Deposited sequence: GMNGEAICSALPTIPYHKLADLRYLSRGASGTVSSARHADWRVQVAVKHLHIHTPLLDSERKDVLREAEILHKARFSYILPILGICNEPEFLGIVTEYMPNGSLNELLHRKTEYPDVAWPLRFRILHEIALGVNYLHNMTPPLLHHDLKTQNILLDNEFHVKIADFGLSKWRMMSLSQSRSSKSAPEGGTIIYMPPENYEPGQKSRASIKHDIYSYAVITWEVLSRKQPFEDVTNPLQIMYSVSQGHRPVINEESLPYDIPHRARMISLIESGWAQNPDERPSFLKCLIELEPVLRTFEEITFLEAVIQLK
């Protein structure tokens, strides 16, 4: 029966408000809270903003973007969260000039924390299904620890890129929106993307042509060029990817199964290697 209320933040308490990005969800800005003396992120532009705040507030966990409050005024409506200084996983994987090396321990830690975050959502009462996982909404804190964001399409078990969407979701309905095998598919594509640092379906022009290929059973390429033979635990990771993005949803594993497979892999990395991987990025 222990209940915590989300604080209401007056818009005038946000100082040094600076534009970060503009998306479908709305505009993201950075700011500093004048009383709390911390940096914050603000997602702004009704019911859909409040629904996302409610989900973030209820789904609080170590690998979920921490919500600090809501701006609910006639003048302004926005979601206030902790500021993620290292942006998104998408930026880390594809900004190769900015990041020439992303050490294996760190890539494996990121994959483990994404699975830990999604598993938590799935274990809630009732289960919370993300349904829009992408490298763009896997955010990175000051020490490159994962924070999952974007709960706009996230539904309680009661436009942009399609590369993380299972083929059965292309023509939606009751069954597809209800599916508990959607997030694992997205996770399988993210895993491939993290281990290769390549754009899934890079050689395909139209995203509609990607959709046609995926429905036939075609997936991002698994070979020596995309996934080199020097990748730690390559065979095990390939097995996880291929089961995760299987055409038949029934053949895709649960996040629990995924985590039990990843735990021995993560134990082979000494703690200092995670620290060294992060310093290499600065």
Please report every deposited-sequence interval that has no C-alpha in the structure, sorted by position. 1 to 5, 51 to 60, 174 to 187
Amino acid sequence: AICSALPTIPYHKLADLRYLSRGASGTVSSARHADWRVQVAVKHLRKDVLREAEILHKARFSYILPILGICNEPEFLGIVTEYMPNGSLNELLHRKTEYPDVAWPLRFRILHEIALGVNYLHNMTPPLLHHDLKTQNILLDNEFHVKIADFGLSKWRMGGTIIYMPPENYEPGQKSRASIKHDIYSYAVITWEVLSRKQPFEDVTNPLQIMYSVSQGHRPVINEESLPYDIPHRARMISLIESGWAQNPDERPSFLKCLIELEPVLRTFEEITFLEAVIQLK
From here on, numbers count along this sequence of modelled residues.
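Here the rigid core means the biggest group of C-alpha atoms that line up within 1.5 Å when the two forms are laid on top of each other.
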Fitting on the rigid core only, I'd like to know which of the two stretches, 188 to 196 or 204 to 212, ends up farther away in Cα terms in 5 other deposited structures of this protein. 204 to 212
Core-superposed in 5 other deposited structures of this protein, which stretch deviates more in Cα positions, 160 to 168 or 78 to 86? 160 to 168
Flanks modelled, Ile272 absent in at least a third of other entries: no
For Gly23, record whether it is unmodelled in at least a third of the other compared entries of this protein. yes
Can you let me know which of the two, 168 to 176 or 186 to 194, has the higher average C-alpha B-factor in the entry? 168 to 176
Highest mean C-alpha temperature factor of the two stretches 6 to 14 and 261 to 269, which is it? 261 to 269
According to the Cα B-factor stored in this entry, which of the following is highest: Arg46, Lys43, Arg60, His33? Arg46
With respect to the C-alpha temperature factors reported in the PDB entry, which of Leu68, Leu65, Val221, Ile55 ranks highest? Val221
With respect to C-alpha B-factor, does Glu82 fall in the lowest, middle or highest third of the chain as deposited? lowest
Is the Cα B-factor recorded for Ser254 in the lowest, middle or highest third of its chain? middle
Third assignment of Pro207 from its chain's C-alpha B-factors: highest
Once the chain's modelled residues are ordered by C-alpha B factor and cut into thirds, is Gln216 in the lowest, middle or highest one? highest
Of the three thirds of the chain ranked by Cα temperature factor, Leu50 occupies the highest
